[PDB]
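Chain by chain, the residues run as shown.
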Amino acid sequence: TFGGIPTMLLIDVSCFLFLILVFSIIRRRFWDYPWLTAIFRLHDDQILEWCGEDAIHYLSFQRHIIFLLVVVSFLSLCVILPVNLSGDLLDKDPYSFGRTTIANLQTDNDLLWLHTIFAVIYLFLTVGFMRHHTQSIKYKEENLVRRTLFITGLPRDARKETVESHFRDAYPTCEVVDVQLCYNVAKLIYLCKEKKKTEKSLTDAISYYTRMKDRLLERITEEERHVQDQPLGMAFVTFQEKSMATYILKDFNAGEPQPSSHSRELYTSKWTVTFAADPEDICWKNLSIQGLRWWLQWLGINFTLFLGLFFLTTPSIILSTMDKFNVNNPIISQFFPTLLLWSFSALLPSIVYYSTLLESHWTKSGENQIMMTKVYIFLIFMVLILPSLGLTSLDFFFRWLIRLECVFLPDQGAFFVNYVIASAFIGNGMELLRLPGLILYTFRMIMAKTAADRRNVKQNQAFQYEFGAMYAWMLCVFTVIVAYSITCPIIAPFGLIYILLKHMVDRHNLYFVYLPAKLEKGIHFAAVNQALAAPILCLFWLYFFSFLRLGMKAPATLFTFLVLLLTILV
């Protein structure tokens, strides 16, 4: 049986090959734009010219992940796998997964220390490999900002004269004479005047409309006359020189600044002063939501999305643990739950995107970095910790149906190995095919006048990329691989296969279908900072399983906990 790995691998290989055949037969017929030679022949200068330097840095990260996974796969299958194989605890049948996982090790054995040593070795290895990528990634500048001064919490009675005459003494200089008219411009920012574009379309209805146009024309004036009497206390002070603002935030953060005549009138000790962002990316529509209402919105959205995760992961856990409940057909209960979990995980990023849009952050630059961070965090709570916490709780409940000496995941780590394989062959084939994108493209071709189309749609089908989403997905699967790199070491070569396939597919996509991208280096740097979380999470799960099996009185847990504490501290 080998924990269903052979059958799962066969199914995934067949599915990936079928998806590749489908791509081979539809790529030119439908989208109208082989490709394996392109993947294996496109040098790194072409992918520099075609598609921006962002692609170069992304493939550099991918290549570093390839090499890191190669090293950990060798260092796993060569040493930590024989260590697990030399055990008489879980079982003795070679056709099983417990024979290779950590569960095949005595609670009194001396090789769990080797497990922990290899965990810290992998942590240092990942740190070095990501440091190399950070060295490769240059161009960390343009933090220069002179405008800045996004003061918040200002009382609504700001007449601009009080604030200017007070910044005359406290914060010397300040010849901007503009700061309060940046209140909550929400209703005034409609973008609903797109009905003017539909007015050119002229819609039976025949023409209709023009009444929405008249009403939205009256309202963009009612709001334009209502902007001044909507003071939410938001301030922008676009300075002339940069050294001014430097010494200025130094003086404000040095706290009573130099007194002014109007300081008492303004209550200047209660303000919040921070550097501002470029006026283009400031979301005046979301600037209305401020103070406690913003945090209540964040809490509500986070709670609703976490309940969504609890309702999305649970079906997969029950289906995977269904057969052991008695204490099943191999084609199902291994492939079906893993596929269901992968489908829900693929559906997750759109949910996170709409959730953040509802959350209404203030900065557009903080709407992509936070976007990718949120997607990665929810993917962790979606495929890695929650299914593992859920499965283990069921298994510990199954044991009670207690010898803690053998308490592991149901069918060991075979669930996560099958998940990695699914994200490797079938998942990667689906992502290459872009089935939802193709369905939307065909629906857009159909749903029209079928007279003037077939000339458009083809050009506007292409969108640059989702560097944040791709980093989040790759990092989620990479964390799944790394967290089980030592524990259940069989997953390392399968993770290597996954990452090689992902590199090939993205190497194809970033030249052949997707438009060039100009994302900020912050996304890449936060992805690098995300990669260092995988060994930390791996060592945390090593500690968690060691604690579950053998008590804290054991030196293995007495040492792994202190190592984890030091690693978290650093």
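Residues numbered from 1 in each chain as written, not as in the entry; some residues may be left out. Heavy atoms only, no water. Residues with missing side-chain atoms left out of burial classes, pairs and counts.

The criterion, for reference: UniProt positions are given in the numbering used here, feature names are shortened, and annotations may be inferred rather than shown by experiment.
Going by what the PDB entry lists, the protein is known as CSC1-like protein 1 and is assigned to Homo sapiens. Of the comments in the UniProt record for the protein, the one headed Catalytic activity reads "Ca(2+)(in) = Ca(2+)(out)". Per UniProt, the protein carries the Sequence similarities text "Belongs to the CSC1 (TC 1.A.17) family."

1. With respect to helix α19 (residues 521-531)
Stated precisely, the cut-off is as follows: Partly exposed describes any residue whose relative accessible area lies between the buried limit of under 20% and the exposed limit of over 50%, with all areas from a 1.4 Å probe on protein chains only and scaled to the type maximum. Segments assigned H or I by DSSP are reported as helices when at least four residues long, segments assigned E as strands when at least two residues long, and all are numbered from the N terminus. In what follows, a contact means two residues having at least one pair of non-hydrogen atoms within 4.5 Å.
Within α19, eight of the 11 residues are buried, which leaves it mostly tucked inside the rest of the structure. For α19, every residue scored as buried is listed here: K521, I523, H524, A526, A527, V528, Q530 and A531. Its buried side turned inward, α19 meets α4 (53-85), α5 (112-136), α13 (369-400), α17 (467-483) and α20 (533-549).

2. Looking at the pattern of salt bridges
Note the threshold: For this document, the term salt bridge refers to a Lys or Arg side-chain nitrogen within 4 Å of an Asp or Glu carboxyl oxygen.
In this structure the tally under the stated criterion is nine salt bridges. For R63, the salt bridge is made with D44, and the minimal N-O distance between the two is 3.2 Å. Placement of the pair is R63 in helix α4 and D44 in the loop between α2 (36-41) and α3 (46-49), with a sequence separation of 19 residues. For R63, a relative accessible area of 30% gives the class partly exposed. What makes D44 partly exposed here is its relative accessible area of 30%. In this structure, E161 and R159 form a salt bridge, with 3.9 Å as the shortest nitrogen-oxygen distance. Assessed through its relative accessible area of 46%, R159 is described here as partly exposed. Within this structure, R159, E161 and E265 form a network of salt bridges that share partners.

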